[PDB]
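Below you'll find only one chain, the form deposited in one PDB entry, shown as structure tokens.
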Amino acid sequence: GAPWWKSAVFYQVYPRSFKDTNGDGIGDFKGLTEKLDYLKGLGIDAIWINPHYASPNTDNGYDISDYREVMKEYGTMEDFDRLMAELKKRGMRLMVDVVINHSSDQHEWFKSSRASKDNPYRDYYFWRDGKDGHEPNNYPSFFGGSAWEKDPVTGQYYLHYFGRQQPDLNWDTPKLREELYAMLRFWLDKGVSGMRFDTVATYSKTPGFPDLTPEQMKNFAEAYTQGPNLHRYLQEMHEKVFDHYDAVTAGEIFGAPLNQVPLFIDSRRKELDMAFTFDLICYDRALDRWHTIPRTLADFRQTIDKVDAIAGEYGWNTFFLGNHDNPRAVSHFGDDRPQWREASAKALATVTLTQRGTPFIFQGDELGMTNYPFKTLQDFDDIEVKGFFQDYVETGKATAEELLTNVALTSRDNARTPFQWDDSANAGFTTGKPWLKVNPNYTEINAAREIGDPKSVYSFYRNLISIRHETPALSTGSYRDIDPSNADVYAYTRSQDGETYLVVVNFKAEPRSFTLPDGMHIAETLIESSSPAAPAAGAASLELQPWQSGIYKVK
């Protein structure tokens, strides 16, 4: 049959904001472990946790100083091993982030590498002579300024596509690749069975490091994804590591042209199993990265369609509406106003759990958690906001009020407010002071209230997950968008083995009449949200309530 990961439902945990168990205001491993019964009851097959490794935390745990030790704030290695044992007892799996484009500059490999020109760690990184009293070339960093940083100790520059404190690892060095593979086995042998390769497209560097041409400088991110040994290295990794495990691998793919996505995920190529791309979640984001741009459902579905098409017959996509870097799903894609929050959250759940691909639910979206009501720029932890302030407010391009109004809608801090467990102090997230303020709407929106209520957003997610689990077409089935130009009602089929299901979701806060394709008829209604009655068997049309969603078997 199909690989386990194609029919699994994943849940993303950002452990810092999930559950604190020692009152320091920061979520931890023990907190996740104590909530596994909750996640199991929701119907979750596998949990992806954000970086859990030893890190100085200059970049949210993506600057790793020891790949074989855990992040101290989350707990100890034994806490981690206990988490794995409790997952295994429940038949659940763990996926981890793998950040091997670069390490922390505090990694012992880098401390050794930088110490002299002649040491066995020199080539674990990229060290080059400057040119003409300047850097080795004109490479810009994703985080601003030059991608080359001089080290007075040897007089050479080291490469960092990202932060200055994140030197790129040298995949051209076989010994380095072998270290990385050994490290991956360390985690897989502990029972980890999913690995998400962050910024996977930048692993391979261009031989000789020529200057970027003026055209390339205008999209340097794309140039950095075109290293000539990229797919060779991923194939080697697959052969040396993943051939020996049942684990799923996923690539965080960005910077590359859409048409290159299949190279990472086509099963025949033996590279990675599935793709994370950002076309949908960034579909309404302005170029400045803090404004939004008006879009419609037509744009939404067309974006879904082109990514689904790119996976084709042999590739596989993840699907998500939320993550740790983005505004809340219901606020972003639904309508978080009080009249529509629950209805639209349910509609987005139906979309999520009937998309072709492996769905990832972001912690708290199953409750219909919303964006946070920021009142001042001082309310943001978000390091990006500080940068926007410097680049746009201090330069006089925008006022602080304009920045606040808009980043409130787009900031990743919206996703990072603590998970709302109940209506006790700080929503039961912590007995102390939470590292980031809890949304005051926790008094209404919390797991304790929702789990006990058959009509809640939580209960609807759980019901959908059960339906998806028992309906093969809704995971591995084909997908067909009935009308990509329609900006009111999202309608599509999922089909497998002669069984065809129709999904219909009203994206308007108004009644809409929906006519099935001529010749198609409803056989059964599996589930609906915001509907007072299912259609009759034989129906050729639906009368949809505001934000109504449904899954139907068609004749």
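Each residue number is its position in the shown sequence, starting from 1.
Just so you know, the form solved in complex with a small molecule exists too; it's not on screen, but the next bit is about it.
- Of the candidate stretches 338 to 346, 197 to 205, 446 to 454, 361 to 369, only 197 to 205 has residues whose heavy atoms lie within 4.5 Å of the small molecule in the entry with it bound.
- Here the marked residues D483, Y492 and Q548 all miss the small molecule in the entry with it bound; none has a heavy atom within 4.5 angstroms.
- Taking the partner from elsewhere, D105 is found to have every heavy atom lying beyond 4.5 Å of the small molecule in the entry with it bound.
- In the entry with it bound, the small molecule lies within 4.5 Å of some heavy atom of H324.
- Of the heavy atoms in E252, some are within 4.5 Å of the small molecule in the entry with it bound.
- A residue is said to contact a partner when one of its heavy atoms sits within 4.5 Å of a partner heavy atom; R412 meets this definition for the small molecule in the entry with it bound.
- Checking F300, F278, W435, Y233 against the small molecule in the entry with it bound, a heavy atom within 4.5 Å turns up for just one residue: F278.
- This chain is displayed alone, yet in the entry with it bound one of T352, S113, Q166, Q420 has a heavy atom within 4.5 Å of the small molecule; that residue is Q166.
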